[PDB]
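*Asks:* first piece of the complex, coordinates kept as in the full assembly:
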Amino acid sequence: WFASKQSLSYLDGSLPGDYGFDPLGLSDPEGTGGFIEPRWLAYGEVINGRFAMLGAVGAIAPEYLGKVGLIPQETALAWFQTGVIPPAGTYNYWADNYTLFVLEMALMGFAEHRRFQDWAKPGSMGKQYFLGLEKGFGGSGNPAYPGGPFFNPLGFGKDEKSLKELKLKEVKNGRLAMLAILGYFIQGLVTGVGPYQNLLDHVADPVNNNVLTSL
Amino acid sequence: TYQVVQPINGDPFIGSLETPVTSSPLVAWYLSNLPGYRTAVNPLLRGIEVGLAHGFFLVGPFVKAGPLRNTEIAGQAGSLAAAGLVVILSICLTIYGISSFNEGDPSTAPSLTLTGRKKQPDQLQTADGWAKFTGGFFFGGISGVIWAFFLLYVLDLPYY
Amino acid sequence: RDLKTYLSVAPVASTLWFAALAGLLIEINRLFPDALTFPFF
Amino acid sequence: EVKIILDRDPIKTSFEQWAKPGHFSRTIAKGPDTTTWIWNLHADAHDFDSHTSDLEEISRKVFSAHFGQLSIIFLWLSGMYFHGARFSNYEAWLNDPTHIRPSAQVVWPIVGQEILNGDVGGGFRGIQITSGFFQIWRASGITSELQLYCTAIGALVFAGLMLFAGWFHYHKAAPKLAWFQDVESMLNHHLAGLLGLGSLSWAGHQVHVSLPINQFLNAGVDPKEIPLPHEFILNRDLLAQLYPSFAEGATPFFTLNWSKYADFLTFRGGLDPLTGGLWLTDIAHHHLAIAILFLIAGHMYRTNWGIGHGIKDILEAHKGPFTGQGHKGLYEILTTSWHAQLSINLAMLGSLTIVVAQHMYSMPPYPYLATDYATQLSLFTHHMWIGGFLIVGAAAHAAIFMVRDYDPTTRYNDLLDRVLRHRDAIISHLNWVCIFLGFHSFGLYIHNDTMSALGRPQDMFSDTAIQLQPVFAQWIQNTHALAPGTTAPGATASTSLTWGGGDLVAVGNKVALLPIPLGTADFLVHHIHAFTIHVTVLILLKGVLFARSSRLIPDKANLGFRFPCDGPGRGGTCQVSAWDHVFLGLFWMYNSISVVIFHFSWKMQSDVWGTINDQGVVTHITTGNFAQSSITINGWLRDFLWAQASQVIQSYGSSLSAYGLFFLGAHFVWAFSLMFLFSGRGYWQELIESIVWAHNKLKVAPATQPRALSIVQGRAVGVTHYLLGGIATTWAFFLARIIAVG
């Protein structure tokens, strides 16, 4: 009763953004164990999507702004160029590049680890160990949406069953960011230059631009 | 549904099997006409043929590969060796017979035909017949060697 | 783990024993090489 | 049906079972009463189908076991790369490969061993290696010890991942029986995924790292000066100055119109006159065809989209008048029996290792491999043994299948049938061929020995007397000579230099390769090969075909696969079992392979390897005496064994004295095997009775009652030491000879 592509039995449509598409049958629940369980993937697409959703913006925002914004030496190099050492060679920073990563892994280590606990236990995280926010923790029944408040300060459709009509929105945008970023990986890889900068050439003239053209 | 390979004479609990090399009409015809299988013929008669063929044939290898020729004028004398081997062999046959079959005894071949036609008593395979067969084998063996040798004297053949 | 201790003391006890012996013998030699006799009396 | 990923949740993980020896078997988990218990524990350790009867459990055991195997191979590779980084003269060898001896193992100065650290060149003291790793590393464009060190870590990391996977797929997520059985799937992946992408992947490193760096090394530039591999990827300019086709991107590939890529890929063929190895430009191109071929091949079998092949369909449709409904039911057998699969795989993997050896000597792939005779003799001989052993193992598991998994009532085959229904016809004929081959190969030698000893050289089988010219192999040899330009216009030079005719390649003062002559001497040895191989086949095939039943033993299948006999009755029935046929076949494989590697060693030194100066004058190592003295058994005893064994028996005080020690050491364990092979446990057990008496006398008799080895074990022990002794002798003999002389 809904638009759908490809064939599988368990894609009920009970999951947001379900177009019933799993040609590889990754979500088939016959044999489950490990990371092949279906629910995990449901959680993963969303996490990967949220992160991707966010990253795509990072990839181009600095690019775009130095272009029509106030950014100097810190002028966005290609998104790829700051972090990976060989092309841009990076940029100095208040802190050493390797060290930041340690700190960076350190900070993430706390947030990410806890999130997992939410998945291994409902309210475990939100329970015990002192400090405020623990109450903040344990929120929700579902790990995917901790139902922050905290994570959601503003009900924002949380109450309305319309929250569904958000979930999908969140989900569809997520696939979109995902797709996008993968593009960069290639664009930047063959194109060099910046994804946004890359965009202009197609823009300055299009016949001249594109992959066939690119070659 | 058609298999070519079948049990022997239709009996799957007996040794052999039927294959194109065993029961072909060509193989059957050829083997039934060798001197050995002419059950109804004189054993002595059957032998001579075997001797002649075998004798004649033996001269070749002895002469060509012999120590005496190999560029050594001895030549066709080898054939003489062959004449010596048919003597050794004759001896063996005479021995095989003497030991095998006894004078009084009767044939030991098989009387039933393949088709069950009990109608057939057969062969040499008796002290009397075998002696005849070997005796004829010899005569034929010597004569076989001689005629090949005889050809050797006349010459003309490409190998020697 | 009691049990782990139990894996040990099997024929791994032989190798731990002989490896210790080999080491001791090797060091002795490194310390006193080429000895054909006991010369301390 | 639809193919998918199927697993089960945790199935236990504890040291509890480590503390309990022989837990896997219900008979042996009770502990020892006699010393036989101990041997049985190690002999049934890997017999998984003997542990349980569930096919799912057995399949899960062998799957993690493979992870365990890979973990070791990765750990093993980690060490070779590490030793090439800390304890080697690779950087020294990289400048002067033609004079400096490759070495990658330093010995501690204890007890006097430091003598084994000989003059290997490059201002370095150590043991000369014949593994061939230096020529692999130079071929991969590996310059520094840093890169070997990074690979060492990479391999070690992989070793951890492999080991972790095994635990994960036995203790955490265990694949289901339906998953293992998806053979149409697995073949598709191993064809396309493992082999196709694998070959494709290496074709890439070659045309970006190997080919660029190797050209620098050949130009003569100092290795330390050569830009790192990643300077070729980033700045295409460097990889444009050499191999200018890189000027364009995916074109012409994307626009087809192949190719201006003939620049770094070609069908040149032959051998590089400067490196002595196969053209890297050809090898990279070679892997390009292999990739695509296997990628194409990886789409034959039908899975979850109706397009492809059902293997079960293919088999059933292959039936003739001669064979019945044969091939029908083979799919169910090969998807239900592990031993059946292992037998085929051993037979084929073993056969592959043998063609590898013959292909790597005649078509030297790595740079500076051909003129390093020490390595080439080792590589050829090594693969001959590895292949040789694996083939014997095929017979063992073919036999095990017949005893354990063969069931006409459940999984009939018709092809396997009929064969059993005339097994006497096959064995009796194979019997005859062997006797014919024995006389017509070996008997010719004995003829030659007797004629020579009687002073009749003209009455021998030789090139100077009664010739047995192997014309069929000669005609072929000539055909491959006239192959380039005529038959294969794209090929510039010949396939191998053994087919060259009038072409020679030298590196340093040593001969890399040249046209290998074939005469009466080569005729005799090949029939000896044809002879020894058949007899090995006879012993093993007899064991498999008569594994279940026999006119002597109607119910041999009930006695099992590995049993000593069925008593002294019926005249005696020792070694009727299929196991004992594998045991007997082992000696004959040894016999066959030994005369093969002797055929190699003598032929190469005599007719191929040697010194060449700049006048064209070639001086071979043994000076071309193969033709006139290998045609006699006394010749093999004298001009081959007696003459060439002088290096290993004159190696004391030298750097090669360890070979002198292993030479005698291996003679020892070989003769030692004969105690077990010529005697029976009846004597030994009675002898142990008198010795047990003495211990009881002094109150020092053990509870674990000492017993003599089982009848089968006595054979297992005997053939094991016979093999170890015999093979290790030739090892010490070969390496000492070829390192000193070469």
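*Replies:* Ah, there it is. Numbering: from 1, shown residues only, chains lettered A, B, ... in the order given.

*Asks:* so for chain B, the centremost residue is which one?
*Replies:* residue B:50 (4.4 Å; Cα atoms, centre = their mean).

*Asks:* checking whichever residue of chain A sits closest to chain D next. Helix, strand or coil?
*Replies:* In chain A, the residue that lies nearest chain D is residue A:31 (2.9 Å; Cβ to the nearest Cβ). For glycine as for every other residue, the C-beta is placed from the backbone atoms N, C-alpha and C. Reducing the assignment at residue A:31 to three states with DSSP: H, G, I helix; E, B strand; the rest coil gives coil.

*Asks:* what's the neighbour count on the closest residue to it other than its chain neighbours?
*Replies:* Leaving aside its chain neighbours, residue A:31 sits nearest to residue D:6 (2.9 Å; criterion: Cβ to Cβ, 6 or more residues apart in numbering or on different chains). Neighbour count of residue D:6, defined by other Cβ atoms under 10 Å in any protein chain shown: 20.

*Asks:* which ones are touching residue D:6?
*Replies:* A:30-31, D:175-176, D:178-179 (Cβ atoms under 8 Å, 6 or more residues apart in numbering or on different chains).

*Asks:* quick one, helices of the chain?
*Replies:* Using chain A here. Per DSSP state H, chain A carries helices over the ranges A:38-68, A:79-83, A:97-120, A:164-186, A:195-204, A:211-214.

*Asks:* my bad, chain C
*Replies:* C:3-7, C:12-31.

*Asks:* which residues are contacting the shortest one?
*Replies:* Under the contact criterion Cβ under 8 Å, 6+ apart, helix C:3-7 has outside partners D:14-16, D:18-19.

*Asks:* let me know the closest of these to residue C:18.
*Replies:* Distance to residue C:18 across those (Cβ to Cβ) is lowest for residue D:18, with 21.3 Å.

*Asks:* which non-adjacent residue is nearest the closest one?
*Replies:* residue C:7 is the one closest to residue D:18 (Cβ to Cβ, 6+ apart), at 4.1 Å.

*Asks:* run a quick neighbour tally on that neighbour.
*Replies:* Residue C:7: 15 neighbours (other Cβ under 10 Å).

*Asks:* how close does it get to residue D:48?
*Replies:* Using Cβ to Cβ, to the nearest Å, residue C:7 is found at 21 Å from residue D:48.

*Asks:* how many neighbours does residue D:258 have?
*Replies:* 10.

*Asks:* again, but for residue A:112
*Replies:* For residue A:112, the neighbour count with other Cβ under 10 Å is 11.

*Asks:* residue contacts, it?
*Replies:* Applying Cβ under 8 Å, 6+ apart to residue A:112 gives no contacts.

*Asks:* wait, what's in contact with the closest residue to chain B within chain C?
*Replies:* Per Cβ to the nearest Cβ, residue C:11 is where chain C lies closest to chain B, at 55.4 Å. Residues counted as contacts of residue C:11 (Cβ under 8 Å, 6+ apart): none.

*Asks:* same check on residue D:381?
*Replies:* Taking Cβ under 8 Å, 6+ apart as the test, what residue D:381 contacts is D:357, D:597, D:600-601, D:730, D:734.

*Asks:* and if you look at residue D:308?
*Replies:* D:184, D:299-302.

*Asks:* state the pair within the residues you listed that is farthest apart.
*Replies:* D:184 and D:299 (11.0 Å).

*Asks:* the two - which one has more neighbours?
*Replies:* The residue with more neighbours, out of residue D:184 and residue D:299, is residue D:184; 18 against 14, by other Cβ under 10 Å.

*Asks:* put chain E onto that model:
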Amino acid sequence: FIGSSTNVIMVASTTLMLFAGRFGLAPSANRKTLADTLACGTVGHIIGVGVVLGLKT
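*Replies:* With chain E added, the chains above now look like this:
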């Protein structure tokens, strides 16, 4: 190499055209066919390349 491109396109078309005359998902695959296009596409590419290289000589 426009002629070359046309040749490749012709091969691909002939292969996809077989989405009737030839093999695809065929009698009863549980799919809504993508598989057929690819193979037909790939087969077409292979045929085109083979013909083209021959054209090159």
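
*Asks:* repeat for the neighbour count of residue D:258, accounting for chain E.
*Replies:* Residue D:258: 14 neighbours (other Cβ under 10 Å).

*Asks:* about what we covered before: next, the residue nearest to the centre of chain B: phi, psi?
*Replies:* phi -60, psi -40 (degrees, to the nearest 10).

*Asks:* try residue D:117
*Replies:* When read as degrees, to the nearest 10, the backbone of residue D:117 gives phi -80, psi 80.

*Asks:* how many residues are close by the residue lying closest to it once chain neighbours are set aside?
*Replies:* Spatial nearest neighbour of residue D:117, chain neighbours left out: residue D:125 (3.7 Å); criterion: Cβ to Cβ, 6+ apart. Other residues within reach of residue D:125, judged by other Cβ under 10 Å, total 17.

*Asks:* partners of residue D:125 in the sheet?
*Replies:* residue D:119 (DSSP bridges).

*Asks:* what is the helix or strand residue D:425 falls within packed up against?
*Replies:* According to DSSP states H and E, residue D:425 maps onto helix D:423-453. For helix D:423-453, the elements it packs on are helix D:520-545, helix D:633-635, judged by 3 or more Cβ pairs under 8 Å, 6 or more residues apart in numbering or on different chains; DSSP states H and E.

*Asks:* ok, which of those helices comes nearest chain A?
*Replies:* helix D:520-545 (36.9 Å).

*Asks:* ok, then the element right after the closest one?
*Replies:* helix D:556-559.

*Asks:* can you give me the buried ones in the next helix or strand after that following helix?
*Replies:* Of the helices and strands lying after helix D:556-559 in sequence (DSSP H and E), the nearest is helix D:578-607. Buried residues in helix D:578-607, counted by 16 or more other Cβ atoms under 10 Å in any protein chain shown: D:578-590, D:592-607.

*Asks:* so which of those residues would count as near chain B as well?
*Replies:* Applying Cβ under 8 Å from any Cβ of the partner chain, the subset of the buried residues of helix D:578-607 adjacent to chain B is empty.

*Asks:* which of the residues in the strand or helix carrying residue D:417 are buried?
*Replies:* Using DSSP H and E, residue D:417 falls within helix D:416-419. Buried residues in helix D:416-419, counted by 16+ other Cβ under 10 Å: D:416, D:418.

*Asks:* packing partners of it?
*Replies:* Judged by 3+ Cβ pairs under 8 Å, 6+ apart, helix D:416-419 is in contact with no other helix or strand.

*Asks:* for chain B, what spans make up the helices?
*Replies:* For chain B, helices defined by DSSP H occupy the ranges B:20-23, B:25-32, B:43-65, B:78-100, B:127-154.

*Asks:* right, is the first one up against chain D?
*Replies:* Read it as helix B:20-23. No: applying Cβ under 8 Å from any Cβ, one finds helix B:20-23 out of contact with chain D, separated by at least 9.2 Å.

*Asks:* returning to that earlier point: format the helices and strands packed on helix D:423-453 as CSV; extra columns: mean neighbour count and distance to residue D:623.
*Replies:* Formatted as CSV, those follow (neighbours: other Cβ atoms under 10 Å in any protein chain shown; distance: least, Cβ to Cβ, whole Å):
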stretch, mean neighbour count, distance to residue D:623
helix D:520-545, 21, 15
helix D:633-635, 16, 14
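
*Asks:* residue D:391: which of these is closest?
*Replies:* Per Cβ to Cβ, nearest to residue D:391 of the helices and strands packed on helix D:423-453: helix D:520-545, 8.2 Å.

*Asks:* and stretch D:182-199, how far from the chain's centre?
*Replies:* Computed by Cα atoms, centre = their mean, to the nearest Å, the chain-centroid distance of stretch D:182-199 equals 23 Å.
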